[PDB]
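A single chain, nothing else alongside it, follows as structure tokens in the form solved without 10-propargyl-5,8-dideazafolic acid.
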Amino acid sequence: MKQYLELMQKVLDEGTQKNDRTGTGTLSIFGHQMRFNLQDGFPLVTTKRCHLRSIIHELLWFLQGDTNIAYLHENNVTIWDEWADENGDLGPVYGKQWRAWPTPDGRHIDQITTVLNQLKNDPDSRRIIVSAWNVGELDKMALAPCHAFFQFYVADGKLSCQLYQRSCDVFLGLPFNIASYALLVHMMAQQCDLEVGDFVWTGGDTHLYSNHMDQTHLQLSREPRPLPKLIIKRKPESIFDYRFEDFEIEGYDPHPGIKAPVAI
């Protein structure tokens, strides 16, 4: 992908050497925004092979309000394992804030039903927002929300979404995180009878880890191949109703996978 490749180049050319949490040096820039028009094709990186299945399964887990790893395990999805305790609990992380944000008076606010209410009945709102940055619960979560905050916008029957990501690893994390939300703009739009507009990605500490240098050089040498097309095979009766098999990606010919290790 072109916008992504432009970002990769930029953190190599402009980033400051900054450390991780007593770890790995990174090259970091701060403050980057990229726009993906979803009508031009699905934003899945063609410059290295990326697979959709852990992406799809992790999102359906978010939408269920699940905070325990069990569902992912049933499906041999392992990405959150690193974070979960013995009984598979992750603390009040994303699914929890999204579907049952706790109030000081005992309520649990379902932010994505709110968002669907707002998109059908008041599409012109400037407050169509869901947040996972619940300050009162940050101390109990495995990790603090990386994609912390996002907002929808409707103009001319096109639903667009801006995401605020506080910290992103451009090589390993970012391809995954761009396709997860593009999937979500497409579930949302089908459920609201709106067309897809844009996915705007804004980031904060946007970084390359230094032991991913050869891999980014490899990748920056590859020409972006055309973008695939996502097809949702069923219109479920609601957004908490999609199932893994409702999704197909057609026309994707990526260049090979590049693996990249992590310090520990």
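Residue numbers run from 1 along the displayed sequence.
Averaged over Cα atoms, the B-factor as recorded in the entry is higher for 151-159 than for the other of 151-159 and 134-142. The PDB entry records a higher mean C-alpha B factor for 73-81 than for its counterpart among 112-120 and 73-81. Residue-level inspection of the entry shows that, of 125, 87, 165, 103, 87 has the top Cα B-factor. Placement of the Cα temperature factor of residue 233 within the chain: highest third of the modelled residues, per the deposited record. For residue 177, the recorded CA temperature factor ranks within the middle third of the chain's modelled residues.
The PDB entry assigns residue 224 a C-alpha temperature factor belonging to the highest third of its chain's modelled residues.
Per-chain ranking of the deposited C-alpha B factor places residue 214 in the highest third. Annotation for residue 57: C-alpha temperature factor in the middle third relative to the rest of the modelled chain, per the entry.
Just so it is clear, the following notes concern the form solved in complex with 10-propargyl-5,8-dideazafolic acid, a form of the same protein that is not shown.
Between 77-85, 184-192, 153-161, 112-120, the stretch whose residues reach within 4.5 angstroms of 10-propargyl-5,8-dideazafolic acid in the entry with it bound through a non-hydrogen atom is 77-85.
Contact with 10-propargyl-5,8-dideazafolic acid in the entry with it bound holds for all three of 51, 176 and 263, each having a heavy atom within 4.5 Å. Contact check for residue 138: no non-hydrogen atom falls within 4.5 Å of 10-propargyl-5,8-dideazafolic acid in the entry with it bound.
The shortest heavy atom separation between residue 258 and 10-propargyl-5,8-dideazafolic acid in the entry with it bound is within 4.5 Å. Shown alone here, residue 130 lies farther than 4.5 Å from 10-propargyl-5,8-dideazafolic acid in the entry with it bound, counting heavy atoms only. A residue is said to contact a partner when one of its heavy atoms sits within 4.5 Å of a partner heavy atom; residue 199 fails this definition for 10-propargyl-5,8-dideazafolic acid in the entry with it bound, lying far away. Residues are counted as partner-facing when one of their heavy atoms sits within 4.5 Å of 10-propargyl-5,8-dideazafolic acid in the entry with it bound; in 133-160 only 143 qualifies.
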